[PDB]
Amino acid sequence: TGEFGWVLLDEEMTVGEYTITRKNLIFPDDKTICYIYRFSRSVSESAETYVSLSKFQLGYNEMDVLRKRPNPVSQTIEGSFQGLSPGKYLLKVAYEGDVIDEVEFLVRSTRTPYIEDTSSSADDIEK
């Protein structure tokens, strides 16, 4: 299994700067969300690699896909998302035709914290 890592950037990069995790990802809407993906196997710079991002509405809907060129030494791809609207997102990684990994994250308006155990999309703060 591969690994996702993240760093938040103020508009106003090295592998060690990223925080490696795929759980409880909650990002603000005023920082650029930068990710790295480290493949569990070795990869070729010429192999067809894509990411897609989907936004949750009535279930996830694909926003678009983007061709990525792997770094074959670090075995990574990297990207970033500027200006996503608040919501729930699904990032998928495809290699040579197959989806090989995916991860969810939330984007929230910078106003009132998200309580991990009690928050829901249908409460006064999130809605």
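From 1 onward, residues are counted along the sequence shown.
Going from residue 12 to residue 13, you skip over 4 to 9 residues of the deposited sequence that the entry leaves unmodelled. Once the C-alpha B-factors are averaged per stretch, 16-24 and 111-119 rank with 111-119 first.
Averaged over their C-alpha atoms, the temperature factors of 44-52 and 31-39 are higher for 44-52. Highest CA B-factor among 78, 64, 96, 101, as stated in the entry: 96.
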